[PDB]
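Structure, as structure tokens:
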Amino acid sequence: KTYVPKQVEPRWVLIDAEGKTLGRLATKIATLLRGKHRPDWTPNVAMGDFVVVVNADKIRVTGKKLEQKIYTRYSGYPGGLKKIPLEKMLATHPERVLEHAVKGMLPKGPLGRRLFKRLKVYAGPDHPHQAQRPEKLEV
Amino acid sequence: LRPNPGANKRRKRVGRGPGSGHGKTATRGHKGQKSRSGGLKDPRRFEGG
Amino acid sequence: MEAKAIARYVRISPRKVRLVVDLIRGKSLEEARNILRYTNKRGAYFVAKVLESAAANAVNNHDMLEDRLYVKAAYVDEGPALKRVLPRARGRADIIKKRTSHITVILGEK
Amino acid sequence: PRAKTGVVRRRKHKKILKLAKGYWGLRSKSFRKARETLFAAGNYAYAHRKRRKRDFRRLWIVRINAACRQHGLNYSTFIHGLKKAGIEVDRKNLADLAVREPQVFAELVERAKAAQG
Amino acid sequence: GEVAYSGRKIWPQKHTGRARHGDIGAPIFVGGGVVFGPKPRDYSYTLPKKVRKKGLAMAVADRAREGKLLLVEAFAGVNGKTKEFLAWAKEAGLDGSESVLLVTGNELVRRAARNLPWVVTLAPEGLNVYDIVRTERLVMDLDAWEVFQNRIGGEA
Amino acid sequence: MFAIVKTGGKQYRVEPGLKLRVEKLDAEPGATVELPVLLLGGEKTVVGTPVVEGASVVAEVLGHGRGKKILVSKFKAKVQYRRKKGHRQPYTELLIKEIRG
Amino acid sequence: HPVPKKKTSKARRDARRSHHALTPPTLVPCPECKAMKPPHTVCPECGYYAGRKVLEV
RNA sequence: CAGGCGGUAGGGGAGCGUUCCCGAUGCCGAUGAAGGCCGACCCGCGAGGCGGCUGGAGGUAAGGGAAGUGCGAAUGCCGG
RNA sequence: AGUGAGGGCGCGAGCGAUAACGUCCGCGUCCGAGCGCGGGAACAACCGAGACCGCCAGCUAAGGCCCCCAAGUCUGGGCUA
RNA sequence: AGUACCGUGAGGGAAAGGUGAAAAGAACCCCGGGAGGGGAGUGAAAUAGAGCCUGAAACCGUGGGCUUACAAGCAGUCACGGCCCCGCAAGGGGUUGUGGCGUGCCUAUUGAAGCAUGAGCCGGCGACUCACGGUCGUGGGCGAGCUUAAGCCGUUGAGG
């Protein structure tokens with residue numbers, strides 16, 4: 001039957017990251033940024049949780065390390081599709097490696113979009129989370 | 001002022017065009033307009049003689 | 001209705017004429033006047049005059065606080081066109097139809 | 001003799017005028033392609049009322065999963081639960097209740113976990 | 001309507017004016033000739049005298065059995081002028097809500113038997129199934145003649 | 001109150017309202033007629049419990065009338081493939097006015 | 001040789017005609033009499049800043 | 001109860017308006033003919049009534065008969 | 001009354017180089033002409049399946065259940081890394 | 001209209017029907033060079049005003065409602081949420097942002113999204129008939145059944 005979505009229901013949450021492992025932690029973080037889990041869960045949003053994770057870096061590698069290259073081919077074509085390996089990957093942009101997992105499953109242009117918006121982390125150690133002064137739910 | 005043709009009499013098959021929705025009437029080009037084609041009988045005439 | 005500023009069969013032109021009124025409406029005779037008058041390009045007087053009758057119809061048989069007559073609602077209309085034909089190599093018929101313009105602009109009181 | 005079908009078609013067509021709601025500029029008054037665009041819309045609503053079923057299928061699917069699991073165990077589990085479940089096993093509401101009567105779900109649950117065993 | 005003024009040709013059915021067509025003032029367009037022509041004609045219809053009269057008969061029969069005025073006799077009109085004829089009517093009981101086929105050689109009968117309503121002016125041993133069943137009631141004079149004619153129909 | 005019994009496919013979860021549902025045109029042969037739906041999903045304002053027993057205990061009933069009918073909407077059968085024909089949505093039930101219990 | 005394909009609707013036509021658009025004429029009052037004067041100019045009345053040398057006849 | 005019901009070519013059935021012929025003009029009508037402009041009652045549809053606005057005079061069927069007829073569509077035909 | 005030429009897949013012979021989304025014939029299915037749904041990413045003919053019309057109903061094919069997206073990141077025993 | 005107009009000639013060969021019931025069809029005043037524009041009178045109407053009846057589609061225009069600058073789609077459209085609308089509520093309207101799923105129609109194709117094609121937009125025209133022969137059906141008269149050419153009566157012209 002019916003059952004229409006509430007109203008401005010805001011919830012954030014702090015994720016460890018560190019120590020946890022690559023992909024799987026992603027699957028999680030992932031669906032986590034639901035839109036389906038708390039009532040009136042669906043198209044127009046719902047949870048997804050304004051979720052933020054730290055120690056984003058210090059993640060455990062799927063035992064692969066090297067042999068996993070992200071790309072950035074803005075490329076003025078016949079340029080470079082810039083191949084890069086997880087190592088340096090993180091070295092400068094770890095929060096991002098995870099990122100690629102994240103987007104990895106995050107879908108829908110405008111929507112998913114907005115979700116990455118409510119999806120933030122910092123391979124910073126945590127202090128970043130601190131910067132995100134607000135509530136600090138957790139797992 | 002009433003006695004409409006009894007049973008069926010009145011126009012029975014002056015079916016117009018080819019089909020309510022659609023329409024076209026027959027085969028392929030071989031029977032176009034100026035197409036009153038190989039009339040009565042081709043090989044049948046062979047018989048004839 | 002109010003101060004009617006409109007007229008028929010004068011072969012000026014659509015778009016352009018529309019531009020003029022575009023800029024002149026809003027304000028009143030005072031301002032839109034100054035613009036219609038000292039701003040360059042055709043239409044100038046066609047427009048201005050249409051203004052004039054508008055205003056006359058106005059303080060004449062509508063009257064209203066003359067001074068505050070300001071163009072209220074307005075813009076233009078083009079009727080038929082002269083269908084002229086020119087030459088364009090290996091003969092061929094090159095056609096054109098100049099716009100015989102009519103203006104639908106009204107002066108409103110406020 | 002005569003036959004100015006006019007009367008007729010002017011009509012058939014305005015009919016069409018309406019047929020055409022006020023679609024995307026041009027496929028709007030688009031007589032022809034208007035009509036077309038319509039045939040489209042037609043087969044469309046087709047597909048539409050057709051599958052809205054599965055649409056809900058999912059709808060609830062998740063709403064509920066949401067709750068059953070939120071609680072203790074997903075579909076294989078919970079579902080199977082209402083399954084073993086006796087003179088009581090309904091669906092087009094599991095959601096509903098999960099929602100409306102928090103208790104309602106909490107226990108439909110309780111028993112259900114047991115329902116399985 | 002071509003033959004004579006068939007406009008021989010005008011479009012360079014060549015291959016550039018993009019357009020097809022060799023003949024102007026051609027069927028398929030602008031007020032020219034039209035498809036399966038409205039040919040002057042006529043509907044003959046030699047419908048077997050057999051049942052033809054058989055019926056004229058049958059119609060006469062029912063129409064009459066419901067309302068039959070086989071006059072053989074009648075007289076009210078200076079030999080048969082309108083006004084007086086009318087009186088007659090009132091006599092023969094013929095009023096508004098009634099249309100009758102006056103049929104027979106009593107030419108004074110036809111003579112006064114005009115008037116759009118009530119009466120239809122048929123002074124001839126000229127009959128017909130239609131006029132028959134269509135005319136409320138049959139009213140006719142030289143019925144010696146008639147009934148006998150119908151009989152002639154009956155056995156040739 | 002909001003109780004659940006359901007019919008012909010789960011037409012239920014309600015209270016006293018003209019909640020029109022499915023065509024059980026049987027007692028319909030009479031205007032506001034009455035009839036019961038065997039519960040299953042017994043639950044009303046605090047007391048919440050079992051659809052088994054719903055399958056086997058109290059029933060509810062209504063006093064109903066009216067119908068509804070063809071609800072407009074059309075559907076045209078065409079395929080790009082080269083064709084198209086279509087018709088109107090014919091649907092209804094004499095509708096129910098709810099009788100508690 | 002290169003005649004487009006159709007016309008992205010009045011829509012487009014506008015897109016263009018549109019960014020186009022018609023602005024208005026600069027003016028303040030006669031440094032001398034009144035009315036509208038565009039920056040450096042005189043006219044059929046005042047006509048000056050130092051010697052009308054213009055208007056009336 | 002069967003029991004079936006994607007389905008062009010193609011074959012069969014059954015309805016739809018459409019302008020005329022009887023219309024056995026019934027009349028209807030200046031408190032409008034008609035075409036038009038708009039509309040959440042009728043039709044399984046082709047169509048229907050009906051309501052509201054225009055619009056200046058027609059129009060027409062109870063039942064049946066007669067057909068230059070119903071059309072994207074043919075680099076179509078004529079005019080915008 | 002209509003096609004009087006069609007293609008694909010599987011098996012069986014031609015042929016072709018035992019090549020081709022090749023072409024020859026046959027048994028079957030096929031796809032057109034319904035073959036509009038599932039589907040395998042999306043794909044006329046590969047496995048499932050015949051749609052007269054509904055349902056803010058439930059059981060299933062094939063084939064699926066970390067996520068993007070419905071469905072165990074089931075359990076059990078291994079073997080690669 | 002056999003005239004316009006193309007062709008050397010031969011020759012080809014348009015378009016345009018209606019103001020109103022009757023002219024009472026516009027004195028006169030007002031912006032203006034003029035047209036043309038506001039008034040007065042016309043009148044039953046002048047959104048009946050001189051190309052002037054009925055006077056729709058197309059296209060361009062003036063105002064109002066919703067809508068729109070991190071957006072990738074014929075179309076759409078199922079859903080829903082935000083607006084605004086008639087609303088007694090039921091709710092009915094229009095409008096859409098979020099999302100699900102969606103290769104446009106014709107022709108000729110084994111085969112089409114078409115990058116194969118037709119397709120510029122509106123409107124009116126635009127194509128399985130007629131005469132007989134027949135031929136099979138089947139609705140109707142008698143089994144021997146039916147009648148051309150004609151002579152005759154014929155507002156209706158009546159059929160014989």
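By order of appearance in the structure tokens: chains A, B, ..., then residues from 1 within every chain, and ligands from 1 in the order shown.
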
- request: Write down as a VMD selection string the residues of chain C whose backbone DSSP state falls under alpha helix (DSSP H).
  value: chain C and resid 14 to 24 29 to 38 44 to 61

So that I have them on file, write out the residues from the current selection with N, CA, C and O atoms, as a short mmCIF file (atom, residue, chain, number, x, y, z; two decimals), in the first residue's frame.
data_model
loop_
_atom_site.label_atom_id
_atom_site.label_comp_id
_atom_site.auth_asym_id
_atom_site.auth_seq_id
_atom_site.Cartn_x
_atom_site.Cartn_y
_atom_site.Cartn_z
N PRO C 14 8.45 42.87 -38.65
CA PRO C 14 8.34 42.06 -37.46
C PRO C 14 9.40 42.24 -36.43
O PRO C 14 9.49 43.27 -35.77
N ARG C 15 10.19 41.20 -36.26
CA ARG C 15 11.26 41.21 -35.29
C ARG C 15 11.67 42.63 -34.90
O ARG C 15 11.29 43.10 -33.85
N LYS C 16 12.43 43.31 -35.75
CA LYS C 16 12.90 44.67 -35.46
C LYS C 16 11.89 45.55 -34.74
O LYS C 16 12.19 46.11 -33.65
N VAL C 17 10.70 45.69 -35.34
CA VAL C 17 9.69 46.53 -34.70
C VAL C 17 9.44 45.99 -33.29
O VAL C 17 9.33 46.76 -32.29
N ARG C 18 9.35 44.67 -33.19
CA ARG C 18 9.14 44.08 -31.88
C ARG C 18 10.27 44.60 -30.96
O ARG C 18 9.97 45.03 -29.88
N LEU C 19 11.54 44.57 -31.39
CA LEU C 19 12.67 45.07 -30.58
C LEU C 19 12.36 46.43 -30.03
O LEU C 19 12.49 46.70 -28.81
N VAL C 20 11.99 47.32 -30.94
CA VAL C 20 11.68 48.66 -30.49
C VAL C 20 10.70 48.62 -29.35
O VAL C 20 11.04 48.97 -28.21
N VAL C 21 9.50 48.14 -29.60
CA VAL C 21 8.55 48.19 -28.50
C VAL C 21 9.08 47.50 -27.25
O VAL C 21 8.80 47.92 -26.13
N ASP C 22 9.83 46.43 -27.45
CA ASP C 22 10.45 45.65 -26.39
C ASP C 22 11.08 46.60 -25.43
O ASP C 22 10.78 46.59 -24.23
N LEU C 23 11.98 47.40 -25.97
CA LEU C 23 12.65 48.38 -25.13
C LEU C 23 11.77 49.54 -24.64
O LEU C 23 11.91 49.95 -23.49
N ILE C 24 10.87 50.08 -25.48
CA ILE C 24 10.02 51.22 -25.05
C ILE C 24 8.83 51.04 -24.08
O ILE C 24 8.50 51.99 -23.35
N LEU C 29 5.30 57.69 -21.45
CA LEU C 29 5.59 58.53 -22.61
C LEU C 29 6.86 59.25 -22.39
O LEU C 29 7.71 59.25 -23.23
N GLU C 30 7.02 59.86 -21.24
CA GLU C 30 8.25 60.55 -20.98
C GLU C 30 9.48 59.73 -21.45
O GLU C 30 10.05 59.94 -22.55
N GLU C 31 9.87 58.76 -20.63
CA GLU C 31 11.04 57.91 -20.89
C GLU C 31 11.07 57.13 -22.21
O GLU C 31 12.00 57.30 -23.03
N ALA C 32 10.05 56.31 -22.42
CA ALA C 32 10.02 55.48 -23.61
C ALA C 32 10.12 56.43 -24.80
O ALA C 32 10.60 56.08 -25.85
N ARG C 33 9.62 57.65 -24.60
CA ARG C 33 9.67 58.69 -25.61
C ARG C 33 11.12 58.91 -25.89
O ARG C 33 11.64 58.49 -26.91
N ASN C 34 11.79 59.55 -24.94
CA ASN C 34 13.20 59.82 -25.16
C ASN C 34 13.92 58.71 -25.88
O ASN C 34 14.67 58.98 -26.82
N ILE C 35 13.70 57.46 -25.47
CA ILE C 35 14.38 56.35 -26.17
C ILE C 35 13.93 56.20 -27.62
O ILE C 35 14.75 56.22 -28.53
N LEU C 36 12.64 56.06 -27.84
CA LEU C 36 12.07 55.90 -29.17
C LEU C 36 12.58 57.01 -30.11
O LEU C 36 12.87 56.76 -31.29
N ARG C 37 12.70 58.22 -29.57
CA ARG C 37 13.17 59.38 -30.33
C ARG C 37 14.66 59.48 -30.61
O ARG C 37 15.07 59.56 -31.77
N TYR C 38 15.47 59.45 -29.57
CA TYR C 38 16.89 59.59 -29.78
C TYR C 38 17.70 58.34 -29.91
O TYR C 38 18.91 58.40 -30.01
N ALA C 44 11.69 54.17 -35.55
CA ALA C 44 11.68 55.44 -34.82
C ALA C 44 10.31 56.08 -34.85
O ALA C 44 9.50 55.86 -33.93
N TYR C 45 10.02 56.84 -35.90
CA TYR C 45 8.71 57.51 -36.00
C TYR C 45 7.51 56.61 -36.11
O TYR C 45 6.47 56.94 -35.59
N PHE C 46 7.62 55.49 -36.80
CA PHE C 46 6.44 54.65 -36.85
C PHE C 46 5.97 54.44 -35.41
O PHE C 46 4.81 54.76 -35.03
N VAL C 47 6.89 53.96 -34.60
CA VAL C 47 6.65 53.69 -33.21
C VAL C 47 6.12 54.96 -32.57
O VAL C 47 4.94 55.05 -32.23
N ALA C 48 6.99 55.96 -32.45
CA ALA C 48 6.61 57.22 -31.81
C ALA C 48 5.17 57.64 -32.12
O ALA C 48 4.38 57.84 -31.21
N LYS C 49 4.83 57.74 -33.40
CA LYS C 49 3.50 58.14 -33.83
C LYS C 49 2.46 57.21 -33.20
O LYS C 49 1.55 57.69 -32.51
N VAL C 50 2.60 55.90 -33.41
CA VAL C 50 1.64 54.99 -32.79
C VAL C 50 1.47 55.42 -31.32
O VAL C 50 0.34 55.47 -30.78
N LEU C 51 2.59 55.74 -30.66
CA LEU C 51 2.53 56.24 -29.28
C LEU C 51 1.51 57.36 -29.27
O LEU C 51 0.48 57.28 -28.61
N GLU C 52 1.81 58.42 -30.03
CA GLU C 52 0.98 59.61 -30.16
C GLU C 52 -0.51 59.38 -30.24
O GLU C 52 -1.26 59.91 -29.43
N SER C 53 -0.95 58.62 -31.24
CA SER C 53 -2.38 58.40 -31.31
C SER C 53 -2.75 57.78 -29.97
O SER C 53 -3.58 58.32 -29.26
N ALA C 54 -2.06 56.70 -29.58
CA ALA C 54 -2.38 56.06 -28.31
C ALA C 54 -2.73 57.11 -27.26
O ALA C 54 -3.85 57.15 -26.73
N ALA C 55 -1.78 57.98 -26.99
CA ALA C 55 -1.95 59.04 -26.02
C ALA C 55 -3.15 59.97 -26.28
O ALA C 55 -3.79 60.41 -25.34
N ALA C 56 -3.41 60.31 -27.55
CA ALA C 56 -4.55 61.17 -27.92
C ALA C 56 -5.88 60.50 -27.62
O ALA C 56 -6.76 61.11 -26.99
N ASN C 57 -6.01 59.24 -28.05
CA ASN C 57 -7.21 58.44 -27.80
C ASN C 57 -7.34 58.65 -26.31
O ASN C 57 -8.41 58.97 -25.81
N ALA C 58 -6.21 58.46 -25.64
CA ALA C 58 -6.09 58.63 -24.19
C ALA C 58 -6.65 59.92 -23.56
O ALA C 58 -7.85 59.99 -23.33
N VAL C 59 -5.84 60.96 -23.34
CA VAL C 59 -6.37 62.14 -22.64
C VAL C 59 -7.58 62.77 -23.36
O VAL C 59 -8.23 63.67 -22.82
N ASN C 60 -7.87 62.31 -24.58
CA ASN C 60 -9.03 62.77 -25.35
C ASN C 60 -10.38 62.12 -24.98
O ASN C 60 -11.33 62.83 -24.65
N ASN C 61 -10.49 60.79 -25.06
CA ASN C 61 -11.73 60.08 -24.75
C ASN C 61 -11.61 58.93 -23.74
O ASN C 61 -12.51 58.10 -23.61
#

message: Set the distance at 9 Å and use only C-alpha atoms (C1' of nucleotides): which residues neighbour residue 28 in chain G once local chain neighbours fewer than 5 positions away are removed? I'd like the list as a VMD selection string.
response: chain G and resid 34 to 39

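The protein and nucleic acid residues lying at most 7 Å from residue 90 in chain F are residues 69, 70 and 71 of chain F, with only C-alpha atoms (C1' of nucleotides) considered and sequence neighbours fewer than 3 positions away removed.
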
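If we count only C-alpha atoms (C1' of nucleotides), these residues of chain A sit within 8 Å of chain J: residues 43, 44 and 111 of chain A.
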
- request: Using only C-alpha atoms (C1' of nucleotides), determine which residues of chain H fall within 12 Å of chain F; present them as a PyMOL selection string.
  value: chain H and resi 6-8+40+42-46

Residue selection dump (N, CA and C atoms (P, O5', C5', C4', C3', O3' and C1' of nucleotides)) as a PDB file, in the first residue's frame:
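Produced file again.pdb, reproduced below:
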ATOM      1  P     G H   6      -3.556 -15.916 -28.353  1.00  0.00           P
ATOM      2  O5'   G H   6      -2.593 -14.715 -28.762  1.00  0.00           O
ATOM      3  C5'   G H   6      -2.802 -13.996 -29.988  1.00  0.00           C
ATOM      4  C4'   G H   6      -1.967 -12.725 -30.019  1.00  0.00           C
ATOM      5  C3'   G H   6      -1.788 -12.148 -31.407  1.00  0.00           C
ATOM      6  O3'   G H   6      -2.745 -11.116 -31.566  1.00  0.00           O
ATOM      7  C1'   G H   6       0.312 -12.715 -30.481  1.00  0.00           C
ATOM      8  P     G H   7      -4.013 -11.367 -32.507  1.00  0.00           P
ATOM      9  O5'   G H   7      -3.348 -11.292 -33.946  1.00  0.00           O
ATOM     10  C5'   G H   7      -2.338 -10.314 -34.220  1.00  0.00           C
ATOM     11  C4'   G H   7      -1.222 -10.917 -35.050  1.00  0.00           C
ATOM     12  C3'   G H   7      -1.655 -11.532 -36.374  1.00  0.00           C
ATOM     13  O3'   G H   7      -1.634 -10.556 -37.410  1.00  0.00           O
ATOM     14  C1'   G H   7      -0.350 -13.092 -35.173  1.00  0.00           C
ATOM     15  P     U H   8      -2.346 -10.869 -38.814  1.00  0.00           P
ATOM     16  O5'   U H   8      -1.516 -10.000 -39.848  1.00  0.00           O
ATOM     17  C5'   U H   8      -1.727  -8.603 -39.939  1.00  0.00           C
ATOM     18  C4'   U H   8      -1.014  -8.074 -41.140  1.00  0.00           C
ATOM     19  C3'   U H   8      -1.397  -8.801 -42.412  1.00  0.00           C
ATOM     20  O3'   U H   8      -2.467  -8.143 -43.055  1.00  0.00           O
ATOM     21  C1'   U H   8       0.944  -8.772 -42.200  1.00  0.00           C
ATOM     22  P     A H  40     -12.664  16.206 -20.330  1.00  0.00           P
ATOM     23  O5'   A H  40     -13.180  15.259 -19.140  1.00  0.00           O
ATOM     24  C5'   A H  40     -14.581  14.897 -18.960  1.00  0.00           C
ATOM     25  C4'   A H  40     -14.692  13.707 -17.999  1.00  0.00           C
ATOM     26  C3'   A H  40     -15.894  13.615 -17.022  1.00  0.00           C
ATOM     27  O3'   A H  40     -16.939  12.672 -17.470  1.00  0.00           O
ATOM     28  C1'   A H  40     -13.805  13.819 -15.856  1.00  0.00           C
ATOM     29  P     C H  42     -22.009   6.341 -18.480  1.00  0.00           P
ATOM     30  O5'   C H  42     -22.219   6.828 -19.987  1.00  0.00           O
ATOM     31  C5'   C H  42     -23.520   6.726 -20.579  1.00  0.00           C
ATOM     32  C4'   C H  42     -23.466   6.252 -22.027  1.00  0.00           C
ATOM     33  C3'   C H  42     -22.609   5.065 -22.466  1.00  0.00           C
ATOM     34  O3'   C H  42     -23.150   3.789 -22.089  1.00  0.00           O
ATOM     35  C1'   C H  42     -22.646   6.746 -24.165  1.00  0.00           C
ATOM     36  P     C H  43     -22.247   2.441 -22.221  1.00  0.00           P
ATOM     37  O5'   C H  43     -21.536   2.576 -23.653  1.00  0.00           O
ATOM     38  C5'   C H  43     -22.288   2.426 -24.874  1.00  0.00           C
ATOM     39  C4'   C H  43     -21.378   2.146 -26.073  1.00  0.00           C
ATOM     40  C3'   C H  43     -20.234   1.164 -25.883  1.00  0.00           C
ATOM     41  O3'   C H  43     -20.686  -0.176 -25.951  1.00  0.00           O
ATOM     42  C1'   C H  43     -19.535   2.965 -27.264  1.00  0.00           C
ATOM     43  P     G H  44     -19.850  -1.321 -25.212  1.00  0.00           P
ATOM     44  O5'   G H  44     -18.343  -0.886 -25.452  1.00  0.00           O
ATOM     45  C5'   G H  44     -17.418  -0.928 -24.383  1.00  0.00           C
ATOM     46  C4'   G H  44     -16.251  -1.800 -24.747  1.00  0.00           C
ATOM     47  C3'   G H  44     -15.373  -1.289 -25.875  1.00  0.00           C
ATOM     48  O3'   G H  44     -14.413  -0.337 -25.409  1.00  0.00           O
ATOM     49  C1'   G H  44     -15.895  -3.549 -26.277  1.00  0.00           C
ATOM     50  P     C H  45     -14.557   1.214 -25.795  1.00  0.00           P
ATOM     51  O5'   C H  45     -14.666   1.233 -27.371  1.00  0.00           O
ATOM     52  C5'   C H  45     -14.241   2.361 -28.112  1.00  0.00           C
ATOM     53  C4'   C H  45     -13.729   1.905 -29.442  1.00  0.00           C
ATOM     54  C3'   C H  45     -14.068   2.787 -30.623  1.00  0.00           C
ATOM     55  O3'   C H  45     -13.024   3.734 -30.804  1.00  0.00           O
ATOM     56  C1'   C H  45     -14.591   0.508 -31.087  1.00  0.00           C
ATOM     57  P     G H  46     -13.270   5.004 -31.740  1.00  0.00           P
ATOM     58  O5'   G H  46     -13.740   4.344 -33.110  1.00  0.00           O
ATOM     59  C5'   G H  46     -12.807   4.037 -34.136  1.00  0.00           C
ATOM     60  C4'   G H  46     -13.481   4.164 -35.473  1.00  0.00           C
ATOM     61  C3'   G H  46     -14.443   5.340 -35.519  1.00  0.00           C
ATOM     62  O3'   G H  46     -13.817   6.593 -35.752  1.00  0.00           O
ATOM     63  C1'   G H  46     -15.609   3.417 -36.122  1.00  0.00           C
TER      64        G H  46
END
